[PDB]
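Scroll down for the structure; my scribbles are underneath it.
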Amino acid sequence: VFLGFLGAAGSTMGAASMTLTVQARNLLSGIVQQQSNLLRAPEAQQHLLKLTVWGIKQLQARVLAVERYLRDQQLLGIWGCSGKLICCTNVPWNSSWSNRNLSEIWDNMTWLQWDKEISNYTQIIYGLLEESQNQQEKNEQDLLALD
Amino acid sequence: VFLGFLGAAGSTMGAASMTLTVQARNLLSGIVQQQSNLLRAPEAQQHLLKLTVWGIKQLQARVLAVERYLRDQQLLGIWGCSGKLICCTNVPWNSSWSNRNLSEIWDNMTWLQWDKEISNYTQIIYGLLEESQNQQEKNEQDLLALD
Amino acid sequence: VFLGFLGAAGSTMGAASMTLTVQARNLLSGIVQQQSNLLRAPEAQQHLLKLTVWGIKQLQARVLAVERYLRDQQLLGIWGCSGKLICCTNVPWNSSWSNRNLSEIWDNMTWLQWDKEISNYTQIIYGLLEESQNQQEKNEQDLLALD
Amino acid sequence: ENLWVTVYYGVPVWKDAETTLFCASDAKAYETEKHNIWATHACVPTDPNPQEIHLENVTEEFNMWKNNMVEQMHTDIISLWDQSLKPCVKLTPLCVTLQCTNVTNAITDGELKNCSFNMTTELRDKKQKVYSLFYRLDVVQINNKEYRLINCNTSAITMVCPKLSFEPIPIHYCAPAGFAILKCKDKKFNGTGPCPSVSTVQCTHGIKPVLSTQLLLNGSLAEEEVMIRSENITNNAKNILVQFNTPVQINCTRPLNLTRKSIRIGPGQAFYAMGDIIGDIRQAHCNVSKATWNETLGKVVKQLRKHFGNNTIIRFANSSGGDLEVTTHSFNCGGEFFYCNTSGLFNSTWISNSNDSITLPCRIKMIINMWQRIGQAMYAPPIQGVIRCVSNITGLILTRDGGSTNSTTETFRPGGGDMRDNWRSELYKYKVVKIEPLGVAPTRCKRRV
Amino acid sequence: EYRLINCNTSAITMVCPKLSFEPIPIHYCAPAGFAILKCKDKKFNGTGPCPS
Ligand SMILES: *[C@@H]1O[C@H](CO)[C@@H](O[C@@H]2O[C@H](CO)[C@@H](O[C@@H]3O[C@H](CO)[C@@H](O)[C@H](O[C@H]4O[C@H](CO)[C@@H](O)[C@H](O)[C@@H]4O)[C@@H]3O)[C@H](O)[C@H]2NC(C)=O)[C@H](O)[C@H]1NC(C)=O
Ligand SMILES: *[C@@H]1O[C@H](CO)[C@@H](O[C@@H]2O[C@H](CO)[C@@H](O[C@@H]3O[C@H](CO)[C@@H](O)[C@H](O)[C@@H]3O)[C@H](O)[C@H]2NC(C)=O)[C@H](O)[C@H]1NC(C)=O
Ligand SMILES: *[C@@H]1O[C@H](CO)[C@@H](O[C@@H]2O[C@H](CO)[C@@H](O[C@@H]3O[C@H](CO)[C@@H](O)[C@H](O)[C@@H]3O)[C@H](O)[C@H]2NC(C)=O)[C@H](O)[C@H]1NC(C)=O
Ligand SMILES: *[C@@H]1O[C@H](CO)[C@@H](O[C@@H]2O[C@H](CO)[C@@H](O)[C@H](O)[C@H]2NC(C)=O)[C@H](O)[C@H]1NC(C)=O
Ligand SMILES: *[C@@H]1O[C@H](CO)[C@@H](O[C@@H]2O[C@H](CO)[C@@H](O)[C@H](O)[C@H]2NC(C)=O)[C@H](O)[C@H]1NC(C)=O
Ligand SMILES: *[C@@H]1O[C@H](CO)[C@@H](O[C@@H]2O[C@H](CO)[C@@H](O)[C@H](O)[C@H]2NC(C)=O)[C@H](O)[C@H]1NC(C)=O
Ligand SMILES: *[C@@H]1O[C@H](CO)[C@@H](O[C@@H]2O[C@H](CO)[C@@H](O)[C@H](O)[C@H]2NC(C)=O)[C@H](O)[C@H]1NC(C)=O
Ligand SMILES: *[C@@H]1O[C@H](CO)[C@@H](O[C@@H]2O[C@H](CO)[C@@H](O)[C@H](O)[C@H]2NC(C)=O)[C@H](O)[C@H]1NC(C)=O
Ligand SMILES: *[C@@H]1O[C@H](CO)[C@@H](O[C@@H]2O[C@H](CO)[C@@H](O)[C@H](O)[C@H]2NC(C)=O)[C@H](O)[C@H]1NC(C)=O
Ligand SMILES: *[C@@H]1O[C@H](CO)[C@@H](O[C@@H]2O[C@H](CO)[C@@H](O)[C@H](O)[C@H]2NC(C)=O)[C@H](O)[C@H]1NC(C)=O
Ligand SMILES: *[C@@H]1O[C@H](CO)[C@@H](O[C@@H]2O[C@H](CO)[C@@H](O)[C@H](O)[C@H]2NC(C)=O)[C@H](O)[C@H]1NC(C)=O
Ligand SMILES: *[C@@H]1O[C@H](CO)[C@@H](O[C@@H]2O[C@H](CO)[C@@H](O)[C@H](O)[C@H]2NC(C)=O)[C@H](O)[C@H]1NC(C)=O
Ligand SMILES: *[C@@H]1O[C@H](CO)[C@@H](O[C@@H]2O[C@H](CO)[C@@H](O)[C@H](O)[C@H]2NC(C)=O)[C@H](O)[C@H]1NC(C)=O
Ligand SMILES: *[C@@H]1O[C@H](CO)[C@@H](O)[C@H](O)[C@H]1NC(C)=O
Ligand SMILES: *[C@@H]1O[C@H](CO)[C@@H](O)[C@H](O)[C@H]1NC(C)=O
Ligand SMILES: *[C@@H]1O[C@H](CO)[C@@H](O)[C@H](O)[C@H]1NC(C)=O
Ligand SMILES: *[C@@H]1O[C@H](CO)[C@@H](O)[C@H](O)[C@H]1NC(C)=O
Ligand SMILES: *[C@@H]1O[C@H](CO)[C@@H](O)[C@H](O)[C@H]1NC(C)=O
Ligand SMILES: *[C@@H]1O[C@H](CO)[C@@H](O)[C@H](O)[C@H]1NC(C)=O
Ligand SMILES: *[C@@H]1O[C@H](CO)[C@@H](O)[C@H](O)[C@H]1NC(C)=O
Ligand SMILES: *[C@@H]1O[C@H](CO)[C@@H](O)[C@H](O)[C@H]1NC(C)=O
Ligand SMILES: *[C@@H]1O[C@H](CO)[C@@H](O)[C@H](O)[C@H]1NC(C)=O
Ligand SMILES: *[C@@H]1O[C@H](CO)[C@@H](O)[C@H](O)[C@H]1NC(C)=O
Ligand SMILES: *[C@@H]1O[C@H](CO)[C@@H](O)[C@H](O)[C@H]1NC(C)=O
Ligand SMILES: *[C@@H]1O[C@H](CO)[C@@H](O)[C@H](O)[C@H]1NC(C)=O
């Protein structure tokens with residue numbers, strides 16, 4: 001079931017992982033409400049300057065929405081999994097990062113309070129993702145070619 | 001043989017499926033005729049305002065060409081096939097959508113008149129593509145991992 | 001080891017192929033120094049025109065950096081290898097293109113002087129890449145499906 | 001049959017669309033060339049190699065009477081003039097009382113008037129007597145005698161800058177990415193319905209923007225015969241577009257010689273006026289050859305009769321009223337604005353069976369109001385020296401009278417004032433289309449689990 | 001009787017009083033896809049190869 005944009009914000013990590021295509025298409029293709037910026041046929045002079053001063057403020061939010069989108073899509077290409085909305089990266093979950101056990105996480109926690117606990121360690125979890133992919137692409141695949 | 005942009009518009013579905021890279025690169029990289037917008041060294045005042053009023057109308061067609069391109073490239077990532085100019089999606093062709101049989105389609109029909117018949121059902125054909133991929137990514141692949 | 005942006009410009013082709021993610025993320029996500037273009041809260045009139053004349057010159061370098069990036073990322077999708085920072089394209093190295101033997105290239109040459117020798121033949125090396133992929137995607141994969 | 005959807009990207013299909021195109025003018029160095037209002041800060045240098053990829057088997061429906069390229073060309077033309085004339089000097093001091101008189105001592109039929117007025121020196125507290133030579137169309141009477149300009153009530157007469165240049169320069173209309181323009185090549189295309197020969201074009205040919213009435217100058221020719229072209233032919237209020245296959249030449253001149261004064265207005269802003277008649281007073285006129293004009297009407301009558309009847313009588317009358325913009329033939333040549341009397345061309349009957357040129361008298365005025373906007377007016381500075389022009393006539397704009405009588409005698413008159421007939425007669429063979437790349441088709445492929 | 005030096009040709013625009021003209025260090029930066037290279041050779045007369 002699709003509840004609309006952000007509808008699974010209060011559900012569990014287990015029950016909100018059904019709805020990942022909603023916050024992806026409304027992260028870019030909610031811009032269909034902004035393509036009206038090709039306005040109606042304007043009249044003569046007298047506020048020809050007001051037409052372009054407010055034209056940039058409409059276009060900074062168009063360009064800024066695009067070039068914050070690509071750098072988070074590219075980062076999945078560094079880790080080895082581009083395109084896929086679910087990928088698996090083969091990096092061992094160090095037990096100093098977090099806690100309990102696998103099963104009280106997906107059943108009675110939400111993603112918001114989960115993001116709080118693991119935000120403190122996110123720059124070191126992103127550090128091992130670009131290292132277990134580089135070891136595979138330049139070492140393993142060119143060795144399993146010739147051998 | 002490459003006849004140029006849209007040259008296979010009158011050919012068959014069989015003979016025009018040779019030319020798919022032409023309408024893809026000229027959907028974006030025909031913008032090389034617009035990068036001249038970094039103009040020649042302008043003179044002094046007297047029409048400094050005309051330089052920026054016509055600057056936005058050049059840049060709305062640059063930005064609008066980019067952000068209509070990404071949302072049709074992303075949609076292939078929802079269906080499970082990103083990058084590929086030909087993918088196959090494993091959804092059964094319901095025989096209420098269309099007609100004859102497989103062989104009068106690729107030999108004596110064009111894509112334009114084919115698009116007419118199937119345009120009425122395109123939002124329900126796009127509906128099953130995002131469902132036969134979600135069943136594979138979250139159910140099958142995480143079960144074939146642990147089993 | 002990561003020496004920063006372009007740090008491996010004087011190293012060998014062998015020792016500088018460790019650092020490919022550096023010139024990729026700083027080809028786009030060096031724009032984080034340009035997102036300051038959402039400026040401080042401006043005052044009243046008296047240079048309201050200067051605020052938008054210099055606004056376009058900031059935004060042409062934002063848009064031009066984006067739409068030169070996508071057409072070089074798309075070109076990897078034509079060759080059959082999208083996402084991967086290292087792919088292998090199965091096109092035989094014609095011995096009229098270049099020279100010595102495989103082993104004086106990766107050990108005592110840099111990429112800059114290597115790019116000089118092979119720049120004269122780059123449009124014909126790019127010609128065979130889109131032909132050894134088209135033969136695989138439309139011919140081989142639809143034959144190995146039904147057989 | 002059990003089949004499975006496959007997905008194709010890059011498939012050559014279209015939908016009709018509406019968008020805003022690129023100005024795209026031609027360009028050179030122009031290191032000493034004066035800023036030119038038609039291009040400059042609007043256009044970008046032109047792709048030097050258009051490729052006309054001829055399509056096979058494609059048959060598309062065009063319509064020149066609902067096109068948007070004509071409807072936005074008329075909007076850009078107003079916006080190109082209205083953005084160039086922001087910096088230009090206003091002629092607000094010249095709304096004063098003029099002590100004028102005749103120029104000649106013996107009246108035969110006068111044209112110029114010789115005036116006198118006050119004008120500020122450098123220091124703006126001292127006043128001096130200055131004169132000028134205004135045409136009589138641009139001067140009206142208040143009550144020895146005392147005159148004034150034609151529009152001191154409502155309008156601010158903005159003097160067109162002297163560093164400007166208005167001139168036909170070919171604009172190429174281009175489509176940005178994701179859009180394409182289609183060109184008809186059928187030689188019998190009357191303007192509607194299917195065109196069995198279509199080819200995609202990057203950018204159209206270079207049309208030369210010339211603003212004229214009743215006659216189409218420096219246009220594009222036909223291919224085999226004369227092409228008569230209208231919307232609802234039996235409707236009176238519709239204009240009739242005529243297009244020639246061979247050009248009809250014209251020769252125009254202003255045979256009196258003039259110089260320029262330099263009466264200043266303010267610090268850094270001067271004003272140009274007419275100073276002296278160095279020579280002799282002569283009327284400006286235009287020549288059309290007679291044997292070429294009488295044969296070019298031999299074709300327009302021939303293919304009017306396929307729309308009305310063989311045994312009919314076809315006559316040409318001249319006009320029935322209006323302003324100078326629609327009773328006469330307007331130009332824009334050499335920097336001045338000519339309004340020639342064309343009651344000598346459109347005057348003949350047709351009954352179904354060397355070097356002598358037709359002279360056309362011609363008026364001149366220098367305070368014009370184009371598109372008749374409320375309270376706005378322009379001013380053209382005088383040109384030093386005599387003016388010479390050569391042009392071709394490629395087409396007419398007729399109109400049909402048609403009351404309810406029983407006679408077998410049609411009468412066709414030239415028509416004027418709507419600029420959309422100048423542009424719709426040139427961009428008739430085009431249509432903009434959209435390119436939709438995704439498509440679906442049944443096959444036997446099966447993702448392989 | 002005197003007058004100013006340029007009443008013939010020029011419009012003398014009074015510089016606003018709320019203004020301030022003053023040397024303030026401008027840093028020239030390159031946008032993405034571009035880079036700036038700095039020589040560090042101490043004998044660089046202005047042309048030719050810079051080995052550092
Ligand atoms: C229909 O098309 C014809 C064919 O092009 C066109 O005739 C052209 O008219 C222009 C008018 O500007 C001519 O250009 C002038 O030609 C003379 C020839 O001696 C030159 O002296 C001119 O140079 C002056 O240009 C400016 C005028 O003040 C000055 O700034 C400059 O310093 C020079 O003094 C100028 O080049 C052009 O030559 C003709 N073309 C031909 C082939 O003769 C006609 O105008 C078009 N019809 C209409 C109504 O526009
Ligand atoms: C410009 O050319 C087009 C096509 O060459 C002309 O369109 C044609 O208009 C006639 C009008 O009588 C159509 O004929 C009518 O067809 C209907 C059925 O469609 C029928 O009921 C009538 O009895 C009559 O036969 C004709 O079909 C149509 N052509 C096409 C291909 O559809 C158009 O009239 C031309 N314009 C002018 C001003 O002449
Ligand atoms: C600034 O420094 C540069 C390099 O340090 C100087 O360039 C040098 O210019 C001399 C000019 O005589 C060159 O010598 C000549 O070489 C040619 C062959 O290239 C030869 O035919 C002549 O007989 C002569 O030997 C010298 O090669 C060149 N240096 C390099 C490295 O190429 C330059 O002159 C200096 N500027 C000033 C104003 O001194
Ligand atoms: C228009 O499309 C047809 C496809 O029906 C193209 O191919 C022709 O097809 C017919 C029937 O299959 C054959 O009889 C012809 O011999 C085919 N043409 C050739 C050249 O072999 C046809 O080529 C297309 N039109 C053009 C002008 O190329
Ligand atoms: C200057 O020329 C004009 C134009 O011909 C003369 O205008 C005449 O004005 C009177 C005044 O009512 C009219 O009755 C005449 O019909 C006008 N035309 C002619 C030909 O006389 C005017 O007379 C001339 N100036 C002087 C001082 O005589
Ligand atoms: C227009 O009128 C002015 C004066 O109103 C004429 O200028 C005079 O010309 C005579 C030549 O015989 C000189 O002696 C005077 O000094 C001139 N006056 C001024 C104020 O300069 C001018 O000639 C007239 N123009 C025409 C074409 O008749
Ligand atoms: C400005 O407008 C007035 C009003 O039309 C003009 O004066 C004349 O006024 C009477 C009565 O109002 C009208 O019957 C006349 O037709 C008017 N004359 C003209 C020539 O329009 C006055 O002349 C106008 N001034 C200008 C410079 O056009
Ligand atoms: C129009 O008048 C000007 C003068 O105002 C004429 O230019 C003169 O031409 C003669 C003959 O070549 C030269 O001796 C003079 O030096 C010129 N005077 C200037 C100020 O340049 C011009 O020739 C006239 N035009 C015509 C067609 O007669
Ligand atoms: C318009 O003017 C041109 C000159 O610019 C005329 O062309 C000349 O015509 C005569 C007579 O036929 C020839 O002897 C000349 O050789 C022509 N000049 C050139 C340069 O070829 C033309 O005849 C005029 N047209 C009209 C209708 O009067
Ligand atoms: C051509 O148009 C002119 C005016 O545009 C007509 O001229 C009028 O002719 C009548 C004679 O029937 C005169 O009484 C009027 O005074 C004229 N009008 C003007 C303003 O002078 C003329 O009738 C038209 N037709 C022909 C064949 O010349
Ligand atoms: C346009 O030209 C025609 C002639 O070519 C003008 O008609 C003349 O009008 C005057 C006014 O009464 C008469 O004296 C002439 O006899 C007419 N000529 C002919 C041949 O009949 C016409 O008036 C001009 N247009 C305008 C607006 O004046
Ligand atoms: C105006 O018409 C003339 C006559 O067509 C054009 O001049 C050239 O005339 C020769 C006749 O010997 C033709 O063969 C050429 O095709 C004509 N054109 C060119 C470009 O040489 C003249 O070009 C026309 N004016 C315009 C602006 O096109
Ligand atoms: C404005 O320009 C005039 C012209 O140069 C100046 O007046 C003097 O004019 C004579 C003859 O034209 C020259 O020989 C003198 O050199 C001029 N004097 C000067 C000081 O240039 C006039 O002084 C100028 N006014 C201003 C305010 O600069
Ligand atoms: C887990 O994390 C701690 C601190 O973040 C680190 O010291 C340790 O090496 C990590 N790895 C293990 C225990 O395997
Ligand atoms: C997980 O840990 C909690 C508390 O640390 C414990 O109560 C539970 O038995 C553990 N095992 C599970 C959920 O299998
Ligand atoms: C986050 O980091 C800070 C700094 O070390 C630390 O004090 C805090 O306890 C951390 N919180 C969690 C939930 O790890
Ligand atoms: C085919 O389509 C019809 C209507 O679109 C639908 O009712 C039916 O369930 C579909 N599937 C079949 C017949 O398998
Ligand atoms: C496909 O259907 C058409 C008409 O429905 C029939 O003529 C033909 O024999 C069928 N089979 C094929 C093309 O194998
Ligand atoms: C398209 O849908 C409309 C609305 O149901 C229907 O009337 C029409 O027949 C359909 N056309 C095709 C070709 O399926
Ligand atoms: C190698 O290149 C040359 C020239 O570029 C070409 O003639 C030849 O066919 C190529 N292939 C070979 C020798 O296999
Ligand atoms: C490669 O070629 C060079 C010179 O052409 C030669 O000296 C060397 O022995 C060759 N073989 C290698 C490096 O295995
Ligand atoms: C590059 O191409 C030019 C033109 O053929 C040729 O003269 C030159 O020798 C070539 N250089 C190399 C290194 O192949
Ligand atoms: C033009 O030529 C035709 C046929 O030679 C002739 O009847 C007519 O009188 C001529 N003149 C005019 C003005 O039509
Ligand atoms: C009118 O003339 C044309 C010329 O060929 C002819 O085809 C047509 O039948 C004629 N019409 C009448 C009503 O005579
Ligand atoms: C109009 O036609 C008549 C009759 O042919 C002719 O006498 C008259 O001169 C023409 N008018 C003009 C202005 O040439």
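Only the coordinates and a few stated rules stand behind these numbers; no lab work does. Cβ placement follows ideal geometry from the backbone for every residue including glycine, while neighbour counts extend to all protein chains displayed.
Couple of notes before you dig in:
- Only helices enter the 222 nm calculation for chain D: every DSSP H run of n ≥ 4 contributes -39,500 (n - 2.57), and dividing by all residues gives -3000 deg cm²/dmol, rounded to 500.
- Evaluated at q = 0.09 Å⁻¹: base-10 log I(q)/I(0), Debye formula over Cα of the protein assembly as shown: -1.16
- Cβ-based net charge around A:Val66, under 13 Å, with every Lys or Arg adding one and every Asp or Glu removing one: +3
- Shielding by partners, peptide B:33-46 (average Cβ within 10 angstrom, other chains): 5
- Summary for A:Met13: label point 7 Å along Cα→Cβ; distances to the equivalent points in the other copies, ascending, 4.6, 4.6 nm.
- Across the range D:392-408, coupling constants 3J(HN,Hα) worked out from phi with the 6.51/-1.76/1.60 Karplus curve, θ = phi - 60°, read 10, 9, 10, x, 9, 10, 8, 8, 10, 7, x, x, 8, 10, 9, 6, 9 Hz, and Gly and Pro carry x.
- For GluC sites (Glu not before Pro), the sites in the range A:53-147 that DSSP calls loop and that have at most 11 other Cβ atoms within 10 Å are A:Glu104, A:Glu131.
- Sparsely packed trypsin sites (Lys or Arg not before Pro) within the range D:162-259, loop by DSSP, other Cβ within 10 Å at most 11: D:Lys163, D:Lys187, D:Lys188
- At an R0 of 22 angstrom, the distance between the Cβ atoms of D:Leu438 and D:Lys185 translates into a FRET efficiency of 0.15.
- Straight-distance candidates among the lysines for linking to D:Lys290, with alpha-carbon spacing under 23 Å and chain neighbours fewer than 8 residues away dropped: D:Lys299, D:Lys302.
- Whichever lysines have a C-alpha closer than 22 Å to that of E:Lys43, once near sequence neighbours (fewer than 8 apart) are set aside: none
- Divided by 2.2 N^0.38 Å, where N counts the residues, the Cα radius of gyration of the range C:1-106 comes to 1.63.
- DSSP-loop GluC sites (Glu not before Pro) across the range D:184-264, with at most 12 other Cβ within 10 angstrom: D:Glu223, D:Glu224
- Label point of A:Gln58 (7 Å along Cα→beta-carbon): distances to the other copies' equivalent points are 2.0, 2.0 nm, sorted ascending.
- Where only DSSP H runs of four or more residues are counted, chain B gives -11000 deg cm²/dmol as its mean residue ellipticity at 222 nm, each run worth -39500 (n - 2.57).
- Couplings for the range B:120-134, taken from phi via the Karplus curve 6.51 cos²θ - 1.76 cosθ + 1.60 with θ = phi - 60°, read 7, 10, 6, 7, 9, 6, 6, x, 7, 6, 7, 9, 8, 9, 5 Hz in order; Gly and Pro are left as x.
- Using a Förster distance of 41 Å, the FRET efficiency for C:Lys84-A:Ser36 (Cβ separation, nearest 0.05): 0.60
- Modelled spin labels at C:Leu48 and A:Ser11, positioned 7 Å past Cα toward Cβ, are 4.9 nm from each other.
- With bins 5 Å wide beginning at 0, the percent of Cα pairs of the range D:87-137 falling in each bin runs 4, 17, 21, 21, 15, 10, 7, 3, 2.
- Counting Cβ atoms of other protein chains within 10 Å of each Cβ in A:52-59 and taking the mean gives 6.
- Distances between equivalent label points of C:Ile105 across the copies, with each point positioned 7 Å along Cα→Cβ, amount to 4.5, 4.5 nm, shortest listed first.
- Compactness of chain D - radius of gyration and Dmax, Cα, Å: 27.1, 105
- Here is the tail figure for chain E: Cα pairs spaced more than 18 Å apart come to 70 percent of all pairs.
- In nm, spacing of pseudo-spin labels at D:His54 and A:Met18 (7 Å Cα→C-beta vector): 6.0
- Structure note, pairs D:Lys187/D:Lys434; A:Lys84/C:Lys138; B:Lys57/C:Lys57; D:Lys145/D:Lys365; A:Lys50/C:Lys50: Cα-Cα distances above 18 angstrom occur for D:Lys187/D:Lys434; A:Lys84/C:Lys138; D:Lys145/D:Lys365.
- Calculated FRET efficiency, C:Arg100 to C:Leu75, Cβ-Cβ distance, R0 = 35 Å: about 0.80 to the nearest 0.05.
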